Amino acid sequence: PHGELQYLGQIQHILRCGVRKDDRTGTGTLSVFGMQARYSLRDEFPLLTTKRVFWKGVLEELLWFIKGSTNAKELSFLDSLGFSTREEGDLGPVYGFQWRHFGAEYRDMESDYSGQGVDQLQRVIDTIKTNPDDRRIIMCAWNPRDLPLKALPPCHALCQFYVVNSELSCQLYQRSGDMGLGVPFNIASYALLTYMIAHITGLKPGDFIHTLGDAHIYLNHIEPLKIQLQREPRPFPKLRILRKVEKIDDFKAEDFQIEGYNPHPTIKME
Ligand SMILES: Oc1ccc(Br)c(O)c1O
């Protein structure tokens, strides 16, 4: 299947063959282990069309991630340690903080981290420039919850890049994927990251490959998904970068523009 058809085929397989399995909430899912889909990034952008995806949220959260921000306010549950720092909106050493300063000893969210920890994201961009053929062009993200982090906790997601013939491809592997909410969002998010990296390294985007471990549908999303399945996908839009950008830190929300986006209406999901 192709384009958004893969994602609809995957919703359908989970509904038909998914097995009931409970998550840590204790809420119910239909679950299938192991799936993959590929979305071309060539002259199109996989912002799903069978429901409207919150594009602007996708962009803004990615910029906040790229900044390595740990300040919740700068943005717009069992994750918890601290008193006045929670009121502050200080999240601790989480999210983008791992992409930019992995393993840095953490002070405060207005504290200064240049040159501290590993900059995974500059590392990716640097390797693409120094050796495009490299099979290790890999960046990892963690769920805030697992972050004891002395514990050597496993990543939530892993992102591998790949270059051939001038085209930058990305594979995202997620240990679990919420198919109703998280997945359409994550597909746009990492396809956007790919476009950004490709832009500053002089490559053209190639393929985005999305791989999951526990691919799941929340019980309360079945009916709305059953209805999304009856909708016919429309051609994906295009994503245009507006000025010439040189450094990953220099991007701004106004640098990007989506075009030809005609989704079906918003679907709201609990
Ligand atoms: O040093 C480390 C290396 C890889 C991973 Br994953 C860790 O969680 C860690 O603490």
# chains A, B, ... in the order shown; residues from 1 in each chain; ligands from 1
$ residues_around --residues "residue 22 of chain A" --least-positions-apart "3" --cutoff "12 Å" --atoms "only C-alpha atoms" --output "list in words"
residues 19, 25, 26, 27, 28, 29, 30, 31, 214, 216, 217, 218 and 219 of chain A
$ write_last_selection --atoms "C-alpha atoms" --output "tab-separated table (two decimals), in the first residue's frame"
chain	number	residue	atom	x	y	z
A	19	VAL	CA	-5.23	-8.53	20.77
A	25	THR	CA	-2.62	3.61	32.91
A	26	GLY	CA	-4.58	0.36	33.18
A	27	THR	CA	-6.65	1.55	30.12
A	28	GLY	CA	-7.40	-0.97	27.38
A	29	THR	CA	-5.77	-1.25	23.98
A	30	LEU	CA	-5.92	-3.39	20.89
A	31	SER	CA	-2.20	-4.30	20.26
A	214	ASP	CA	3.79	-2.11	20.40
A	216	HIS	CA	-1.84	0.12	19.67
A	217	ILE	CA	-5.27	1.62	19.56
A	218	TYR	CA	-6.96	2.83	22.74
A	219	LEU	CA	-10.39	1.19	23.24
$ residues_near_ligand --ligand "ligand 1" --cutoff "6 Å" --atoms "only C-alpha atoms and all ligand atoms" --output "PyMOL selection string"
chain A and resi 149-150+152-155
$ write_last_selection --atoms "C-alpha atoms" --output "PDB file, in the first residue's frame"
ATOM      1  CA  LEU A 149      19.119   7.363  34.056  1.00  0.00           C
ATOM      2  CA  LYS A 150      21.999   5.903  36.282  1.00  0.00           C
ATOM      3  CA  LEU A 152      20.834   2.759  32.040  1.00  0.00           C
ATOM      4  CA  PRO A 153      17.160   3.011  30.980  1.00  0.00           C
ATOM      5  CA  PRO A 154      16.243   2.138  27.430  1.00  0.00           C
ATOM      6  CA  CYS A 155      15.251   4.879  24.924  1.00  0.00           C
TER       7      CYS A 155
END
$ closest_atom_pairs --of "segment 24-115 of chain A" --to "segment 237-245 of chain A" --cutoff "7 Å" --atoms "only C-alpha atoms" --output "CSV"
residue,atom,partner,partner_atom,distance
A:43,CA,A:238,CA,6.5
A:44,CA,A:238,CA,4.6
A:45,CA,A:238,CA,5.2
A:47,CA,A:237,CA,6.9
$ residues_around --residues "residue 142 of chain A" --least-positions-apart "6" --cutoff "12 Å" --atoms "only C-alpha atoms" --output "list in words"
residues 93, 94, 95, 96, 97, 98, 99, 102, 103, 148, 149, 152, 153, 154, 155, 156, 157, 158, 159, 174 and 175 of chain A
$ write_last_selection --atoms "N, CA and C atoms" --output "short mmCIF file (atom, residue, chain, number, x, y, z; two decimals), in the first residue's frame"
data_model
loop_
_atom_site.label_atom_id
_atom_site.label_comp_id
_atom_site.auth_asym_id
_atom_site.auth_seq_id
_atom_site.Cartn_x
_atom_site.Cartn_y
_atom_site.Cartn_z
N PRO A 93 15.90 17.38 33.66
CA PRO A 93 16.72 17.07 32.47
C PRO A 93 16.03 16.14 31.45
N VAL A 94 15.03 16.64 30.74
CA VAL A 94 14.17 15.80 29.89
C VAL A 94 13.98 16.36 28.46
N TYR A 95 13.41 15.54 27.57
CA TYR A 95 13.12 15.88 26.16
C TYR A 95 14.34 16.36 25.38
N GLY A 96 14.22 17.51 24.73
CA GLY A 96 15.32 18.16 24.01
C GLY A 96 16.60 18.23 24.82
N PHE A 97 16.46 18.31 26.13
CA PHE A 97 17.65 18.31 26.93
C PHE A 97 18.52 17.08 26.61
N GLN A 98 17.89 15.98 26.20
CA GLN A 98 18.66 14.78 25.88
C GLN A 98 19.25 14.79 24.51
N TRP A 99 18.60 15.50 23.60
CA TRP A 99 19.07 15.63 22.24
C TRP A 99 20.29 16.54 22.19
N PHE A 102 22.98 15.34 26.34
CA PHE A 102 22.71 14.06 26.96
C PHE A 102 23.78 13.76 27.98
N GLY A 103 23.32 13.43 29.19
CA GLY A 103 24.19 12.99 30.27
C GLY A 103 24.87 14.16 30.95
N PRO A 148 15.52 7.93 35.88
CA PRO A 148 16.55 7.62 36.83
C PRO A 148 17.81 7.93 36.07
N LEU A 149 18.09 7.11 35.06
CA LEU A 149 19.12 7.36 34.06
C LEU A 149 20.50 6.91 34.41
N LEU A 152 20.69 3.04 33.47
CA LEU A 152 20.83 2.76 32.04
C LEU A 152 19.50 2.36 31.40
N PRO A 153 18.53 3.30 31.39
CA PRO A 153 17.16 3.01 30.98
C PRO A 153 17.14 2.96 29.46
N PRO A 154 16.29 2.09 28.89
CA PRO A 154 16.24 2.14 27.43
C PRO A 154 15.49 3.34 26.90
N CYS A 155 15.84 3.81 25.67
CA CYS A 155 15.25 4.88 24.92
C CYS A 155 13.81 4.56 24.62
N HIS A 156 13.07 5.61 24.34
CA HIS A 156 11.72 5.50 23.88
C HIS A 156 11.73 5.39 22.34
N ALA A 157 12.59 6.17 21.71
CA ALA A 157 12.64 6.25 20.29
C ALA A 157 14.10 6.39 19.81
N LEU A 158 14.32 5.91 18.62
CA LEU A 158 15.60 5.89 18.03
C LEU A 158 15.42 6.33 16.61
N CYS A 159 16.34 7.27 16.18
CA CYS A 159 16.22 7.86 14.85
C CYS A 159 17.51 7.71 14.07
N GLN A 174 10.02 3.30 17.27
CA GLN A 174 9.39 3.69 18.53
C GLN A 174 9.08 2.43 19.30
N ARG A 175 9.47 2.30 20.57
CA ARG A 175 9.09 1.09 21.27
C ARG A 175 7.56 0.89 21.44
#
$ residues_around --residues "residue 39 of chain A" --least-positions-apart "3" --cutoff "9 Å" --atoms "only C-alpha atoms" --output "PDB file with N, CA and C atoms, in the first residue's frame"
ATOM      1  N   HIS A   2       0.338   2.424  -0.194  1.00  0.00           N
ATOM      2  CA  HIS A   2       1.203   3.602  -0.317  1.00  0.00           C
ATOM      3  C   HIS A   2       0.645   4.930   0.190  1.00  0.00           C
ATOM      4  N   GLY A   3       1.551   5.829   0.558  1.00  0.00           N
ATOM      5  CA  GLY A   3       1.162   7.000   1.268  1.00  0.00           C
ATOM      6  C   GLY A   3       0.359   6.622   2.498  1.00  0.00           C
ATOM      7  N   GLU A   4      -0.697   7.389   2.682  1.00  0.00           N
ATOM      8  CA  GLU A   4      -1.486   7.333   3.873  1.00  0.00           C
ATOM      9  C   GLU A   4      -2.217   6.013   3.864  1.00  0.00           C
ATOM     10  N   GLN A   6      -0.949   3.247   3.931  1.00  0.00           N
ATOM     11  CA  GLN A   6      -0.265   2.289   4.825  1.00  0.00           C
ATOM     12  C   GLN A   6      -0.835   2.451   6.213  1.00  0.00           C
ATOM     13  N   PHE A  45       4.949  15.946   1.513  1.00  0.00           N
ATOM     14  CA  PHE A  45       5.166  15.966   2.941  1.00  0.00           C
ATOM     15  C   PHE A  45       4.036  15.233   3.667  1.00  0.00           C
ATOM     16  N   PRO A  46       4.375  14.141   4.411  1.00  0.00           N
ATOM     17  CA  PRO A  46       3.317  13.235   4.897  1.00  0.00           C
ATOM     18  C   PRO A  46       2.546  13.832   6.087  1.00  0.00           C
ATOM     19  N   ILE A 187       4.849  11.169  12.766  1.00  0.00           N
ATOM     20  CA  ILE A 187       5.184  11.096  11.366  1.00  0.00           C
ATOM     21  C   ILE A 187       5.479  12.477  10.841  1.00  0.00           C
ATOM     22  N   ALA A 191       9.368  13.801   9.988  1.00  0.00           N
ATOM     23  CA  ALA A 191       9.541  14.148   8.574  1.00  0.00           C
ATOM     24  C   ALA A 191       9.988  15.609   8.469  1.00  0.00           C
ATOM     25  N   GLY A 206      14.604  12.158   1.365  1.00  0.00           N
ATOM     26  CA  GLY A 206      14.268  10.972   0.585  1.00  0.00           C
ATOM     27  C   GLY A 206      13.009  10.269   1.103  1.00  0.00           C
ATOM     28  N   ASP A 207      13.206   9.276   1.979  1.00  0.00           N
ATOM     29  CA  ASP A 207      12.133   8.502   2.561  1.00  0.00           C
ATOM     30  C   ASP A 207      12.110   8.704   4.052  1.00  0.00           C
ATOM     31  N   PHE A 208      10.904   8.653   4.646  1.00  0.00           N
ATOM     32  CA  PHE A 208      10.711   8.513   6.086  1.00  0.00           C
ATOM     33  C   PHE A 208      10.100   7.144   6.356  1.00  0.00           C
ATOM     34  N   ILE A 209      10.744   6.338   7.201  1.00  0.00           N
ATOM     35  CA  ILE A 209      10.299   4.978   7.477  1.00  0.00           C
ATOM     36  C   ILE A 209       9.886   4.964   8.944  1.00  0.00           C
ATOM     37  N   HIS A 210       8.692   4.470   9.230  1.00  0.00           N
ATOM     38  CA  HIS A 210       8.234   4.540  10.611  1.00  0.00           C
ATOM     39  C   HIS A 210       8.089   3.132  11.105  1.00  0.00           C
TER      40      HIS A 210
END
$ residues_around --residues "residue 58 of chain A" --least-positions-apart "3" --cutoff "8 Å" --atoms "only C-alpha atoms" --output "compact mmCIF listing (two decimals) with N, CA, C and O atoms, in the first residue's frame"
# COMPACT_ATOMS: atom_id res chain seq x y z
N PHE A 54 -2.66 18.75 13.72
CA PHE A 54 -2.23 20.02 14.31
C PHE A 54 -0.73 20.43 13.94
O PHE A 54 0.22 20.38 14.76
N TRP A 55 -0.57 20.83 12.67
CA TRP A 55 0.68 21.20 12.08
C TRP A 55 1.49 22.16 12.94
O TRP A 55 2.64 21.87 13.29
N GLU A 61 6.59 22.26 18.76
CA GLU A 61 7.14 21.36 19.77
C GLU A 61 8.57 20.94 19.33
O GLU A 61 9.45 20.76 20.18
N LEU A 62 8.77 20.82 18.01
CA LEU A 62 10.07 20.42 17.42
C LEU A 62 11.12 21.53 17.65
O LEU A 62 12.17 21.23 18.12
N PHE A 185 1.09 12.42 14.51
CA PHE A 185 1.88 13.54 14.97
C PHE A 185 3.39 13.28 14.78
O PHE A 185 4.11 14.10 14.20
N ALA A 188 4.66 13.46 11.25
CA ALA A 188 4.98 14.80 10.78
C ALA A 188 6.23 15.38 11.45
O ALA A 188 6.94 16.12 10.87
N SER A 189 6.36 15.18 12.73
CA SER A 189 7.44 15.65 13.48
C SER A 189 8.84 15.20 12.91
O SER A 189 9.72 16.02 12.60
$ atom_distance --atom1 "atom CA of residue 249 of chain A" --atom2 "atom CA of residue 212 of chain A"
28.9 Å
